[PDB]
Amino acid sequence: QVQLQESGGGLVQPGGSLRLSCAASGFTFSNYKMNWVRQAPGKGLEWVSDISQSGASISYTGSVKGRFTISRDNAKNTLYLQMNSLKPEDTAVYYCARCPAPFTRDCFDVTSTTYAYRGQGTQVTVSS
Amino acid sequence: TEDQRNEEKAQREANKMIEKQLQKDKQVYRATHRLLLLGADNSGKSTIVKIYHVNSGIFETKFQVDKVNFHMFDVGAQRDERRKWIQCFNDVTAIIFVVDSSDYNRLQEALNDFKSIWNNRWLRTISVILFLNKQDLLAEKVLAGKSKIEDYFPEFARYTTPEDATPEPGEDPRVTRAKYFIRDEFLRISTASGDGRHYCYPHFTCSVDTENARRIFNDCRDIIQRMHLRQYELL
Amino acid sequence: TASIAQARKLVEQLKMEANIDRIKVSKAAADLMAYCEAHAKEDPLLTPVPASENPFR
Amino acid sequence: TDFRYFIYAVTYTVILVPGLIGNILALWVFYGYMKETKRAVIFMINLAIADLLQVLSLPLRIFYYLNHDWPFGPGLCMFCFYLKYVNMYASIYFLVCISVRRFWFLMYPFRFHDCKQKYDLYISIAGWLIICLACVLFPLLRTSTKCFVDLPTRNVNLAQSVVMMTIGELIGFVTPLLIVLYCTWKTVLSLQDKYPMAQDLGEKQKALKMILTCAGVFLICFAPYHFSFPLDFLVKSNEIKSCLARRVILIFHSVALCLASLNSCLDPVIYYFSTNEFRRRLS
Amino acid sequence: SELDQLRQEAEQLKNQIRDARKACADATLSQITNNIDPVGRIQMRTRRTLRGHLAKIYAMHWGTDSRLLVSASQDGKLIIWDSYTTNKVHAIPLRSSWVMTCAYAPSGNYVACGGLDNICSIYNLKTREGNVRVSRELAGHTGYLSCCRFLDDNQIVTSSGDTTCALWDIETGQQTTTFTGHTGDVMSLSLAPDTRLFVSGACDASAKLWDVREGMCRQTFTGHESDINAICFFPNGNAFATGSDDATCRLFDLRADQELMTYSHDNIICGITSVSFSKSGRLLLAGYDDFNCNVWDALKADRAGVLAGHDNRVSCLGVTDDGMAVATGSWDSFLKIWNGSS
Ligand SMILES: CC(C)CCC[C@@H](C)[C@H]1CC[C@H]2[C@@H]3CC=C4C[C@@H](O)CC[C@]4(C)[C@H]3CC[C@]12C
Ligand SMILES: CC(C)CCC[C@@H](C)[C@H]1CC[C@H]2[C@@H]3CC=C4C[C@@H](O)CC[C@]4(C)[C@H]3CC[C@]12C
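Quick note, the sequences are listed as chains N, A, C, R and B, same order. Quick note: the first sequence, position 13, residue 13 per the authors' numbering, numbers continuous. Read left to right, the second sequence gives residues 9 to 58, 62 to 66, 205 to 253, 264 to 394 (the authors' numbering). Whatever position you read off the third sequence (first residue = 1), add 5 for the authors' numbering. Read left to right, the fourth sequence gives residues 15 to 158, 166 to 304 (the authors' numbering). Whatever position you read off the fifth sequence (first residue = 1), add 1 for the authors' numbering.
The structure is reproduced here in structure tokens:
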């Protein structure tokens, strides 16, 4: 069974640093592109960053570019998101989303209302 | 087997009647070009082309340009997950993609939608006609200065207007600087993959713009012509 | 308010699935192997029929 | 006279090897292409077959020039002599068919569907039948151990000869030439976009150079032959009766006829092996 | 705070089920079927090629007489073929051309189809007027129709992209039972031979066993890592096979309530579109995105053969009720009939 467990997060003062961890199970982690998705209160889900199967290709949203770093450990089957210099606008529930199919460059429905291959999410709060 | 002998002839005669009807339907099927209309709700995709019909949960738009029939399909009554029924449109002539240029908050989501559709394994051979709709709202937003594009896209700080840009007469340099920035964001994804099997056709359109039907016709003419050069190399 | 209602249904479903009787895999594997053996001769794809008996000559 | 025997023997041997290799391999790829994608290559196949038969008429013809004797009987000579020219104008017919077809889907892309290829088999069949009928004059007009170049020409009136020559030139060369030039001219324009695409990868540019090359080989090969064929026929009938012109025209027509024979082997390079589809099939 | 509490109780129940399945996993199907001899190399030739569709084929279904079949194309036509003669018996023009599924009634008097129009249309093949007409349009689904199967002339089960399956009463046009519980688009369903149960595969990488009469999910089968695109009951009804986008086929057992065998190869990296069993169940035929159809040994997980006769995606395949032949449909708009020779 495909399951993703987001760990880390909590209450952090603005300008602080925070690291998120995503534990993958039930699938070959090295064969899938991984994504980070967040949902701000009162707003829909939005895509934050993605990392390719081998880690060569990495993308970010312009609102978090230069402050968020995404990394993966295929051997450890774990996904990481380093969040330094946080801002109160980053207070959201962060989700670890897997692309639906392996060995693909596209990633269609990770930022969807009801996505099967997305974890329960972790709460990140930055407001002082 | 005399009774059975004429039974096969009756079945064979009915087969020819079906084949005659199929040939008539084949002529109509290949004389009509099917287009997939995509875009978010904030985009004005429903008013791009100035005969409209609603068949089941699919909004069908049929228009004729220079005696060529185009049948544009819009899919409304489906869930937000579209990674399965998008394969039904793997043999369309082109994909019509409409983006709200003035909407900076949802502009990144439109790029992500374009990136997935462009890189989809069953859409690698389909060209995309890109309509950067609502240009008048984009001009007002840039001139007002209340919202800054560099807030959402840091690359805009060190971006310069392309030398090939053709701004309209009497246009603010700031507006056309940002107008072509959004276009290059979609062309960066377009030119980073495909391997020549498909291309993107960016256009600048407004709410009051009656030439969008002509632009689709011109682009699909180049799409079909490029398709002919590939699959009809050996006549 | 929705989420809590969906959570109750998912938990209730898992209770029904956890109370079923499960046989051993060896017993289930043997039954599948037995069925294939019994019907092997009447499988045209497994054992192709003579051309005289093939409707698709 | 002596040179013409040697010129034909040397040239036909040069074309003999690539013509067989070029056309037989192309037909094998054509059969695989039809089995895989189920798309018609009728014009490409007919062109390859027409060129293949023209090359197959050389080994018997090469034997004559290397031995100065034809022990195979007058019946076979009138077929091998007829076989080369009936396939030369057959190749010309399907070079126009390719030219018109390319003009059709590049100048009117929307008026060319898959079903628009109807009545295409009726074109190749009609093309062969009329050509195989109209080209019967080649052995008929020279029927009078001598074969091919040594065949005497029938005593035909000069007035009647000109009428046949005029008709043959108009429907054999002049009509194919204008259509090929006209189709190539407008196809080049349609492949030139007013606003070029930045990431086009030169897809249309390669087609533009390929189509110009296709029309260039057509003009280089067949035009010199048809500018000497009316003159060479008068030499056979001794109408000119000029010692200086007799030697020049026969040698000039010998080069032109050999140059026109090069189209048997140049067509696979220009048309078949220049296509990226062929490279995929080979590799 | 209650939502967090129920989330942990679900994990405890999932661990209880996982431990229960592991408890009865005394042996492996591979170990049990190691001694039996392999089926050898399976060579099948294309006996018939069905030509006529102008667009990619999306579905096919054999009739119970093992001679007539109905195939659905994306050009808007339903065609019924006489497979023995390749004659077209009917050509039904569809109101909506985006059809995704088709079904042949076991009686042979009706056919069903449906796609992006969210409607299951029933067509009467035996009318006094001599033409095929629409007899029923089953409305009520809020997503595309992915699969449909007749139970009889009056009942049909449909799966939709709105994550639900429905049982319909054709005479009244109303869905008597709705099967809910999938969190993704349901892509396929297969009926048990006794038509008392049916399994469905969805895009949540799970297969659920449903009771037709009771209307609830009896068992849930997990193991796939991607969307499930195909599902087929074993001929005895005690097992089923699935095909997913993760390039794997898995054989699940109903009574053991767990996966028994995986059918995958390192060369295979493409998704699976269709699966079916031979009459004895010894052969599992699966269609792939690489334009090939691989015949697997169900018991030994060996690739018995390959059906390579299509130039585009293999979208569907099916085996006749008598097991005499297998038909494969493809996006290249052609249908082919396969069987072996002595
Ligand atoms: C060697 C000599 C005889 C070649 C003569 C070339 C001319 C007469 C032949 C060769 C190719 C033929 C064309 C082939 C295809 C078409 C398209 C069809 O919709 C109209 C007829 C048309 C346009 C034919 C007209 C006649 C045609 C142009
Ligand atoms: C006097 C003789 C040598 C003239 C040449 C006749 C023969 C070789 C020519 C004339 C008509 C030609 C055929 C015309 C049409 C077709 C259909 C095409 O799908 C395959 C090639 C094929 C079958 C050609 C084969 C070669 C052919 C039969």
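Each residue gets a CB set at the ideal place from its N, CA and C atoms; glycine is no exception.
For residue i versus residue j, is the C-beta spacing smaller than 7 Å?
i	j	result
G8 of chain N	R19 of chain N	yes
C149 of chain B	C121 of chain B	yes
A64 of chain R	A104 of chain R	yes
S161 of chain B	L146 of chain B	yes
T177 of chain B	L168 of chain B	yes
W82 of chain B	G319 of chain B	no
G121 of chain N	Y95 of chain N	yes
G306 of chain B	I43 of chain B	yes
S275 of chain R	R18 of chain R	yes
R27 of chain C	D258 of chain B	yes
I58 of chain B	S316 of chain B	yes
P55 of chain C	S84 of chain B	no
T187 of chain R	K257 of chain R	no
Nearest to residue i by CA position, among the options, is which residue?
i	options	result
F108 of chain N	A:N377, A:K293, A:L270 and A:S275	A:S275
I93 of chain B	B:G174, B:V135 and B:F199	B:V135
residue 161 of chain R	A:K300, A:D49 and A:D323	The structure shown gives no position for residue 161 of chain R: in chain R, residue numbering passes from 158 to 166 with nothing in between.
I106 of chain R	R:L252, R:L255 and R:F243	R:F243
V124 of chain N	N:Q13, N:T28, N:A23 and N:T69	N:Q13
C279 of chain R	R:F294, R:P245, R:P289 and R:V110	R:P245
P32 of chain R	R:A228, R:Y96 and R:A62	R:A62
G304 of chain A	A:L282, A:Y253, A:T319 and A:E268	A:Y253
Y292 of chain R	R:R267, R:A148, R:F239 and R:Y99	R:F239
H142 of chain B	B:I270, B:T164 and B:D333	B:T164
residue 1 of chain B	B:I123, B:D323, B:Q75 and B:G282	Nothing about residue 1 of chain B can be read from this structure; chain B reaches only from 2 to 343.
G174 of chain B	B:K78, B:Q156 and B:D322	B:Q156
Hey, how far is the Cα of residue i from the Cα of residue j?
i	j	result
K20 of chain C	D240 of chain A	46 Å
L80 of chain R	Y26 of chain R	12 Å
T52 of chain C	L55 of chain B	35 Å
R115 of chain R	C286 of chain R	22 Å
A54 of chain R	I112 of chain R	12 Å
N23 of chain A	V90 of chain B	7 Å
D90 of chain N	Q32 of chain B	54 Å
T50 of chain B	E21 of chain A	19 Å
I375 of chain A	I288 of chain A	7 Å
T325 of chain A	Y339 of chain A	10 Å
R96 of chain B	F27 of chain N	42 Å
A302 of chain B	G66 of chain N	50 Å
residue 408 of chain A	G53 of chain B	Residue 408 of chain A is absent from the model: chain A starts at 9 and stops at 394.
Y117 of chain N	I70 of chain N	19 Å
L261 of chain B	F253 of chain B	6 Å
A328 of chain B	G144 of chain B	28 Å
DSSP on residue i, reduced to helix/strand/coil?
i	result
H362 of chain A	strand
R13 of chain A	helix
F108 of chain N	coil
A113 of chain B	strand
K216 of chain A	coil
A97 of chain N	strand
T321 of chain B	coil
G87 of chain R	coil
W169 of chain B	strand
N74 of chain N	coil
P55 of chain C	coil
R118 of chain N	strand
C294 of chain B	strand
Quiz item: Listed by chain order, which residues have C-beta atoms less than 7 Å from any heavy atom of ligand 2?
Solution: That gives R:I56, R:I59, R:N60, R:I63, R:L67, R:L97, R:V100, R:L135, R:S138, R:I139, R:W142 and R:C146.
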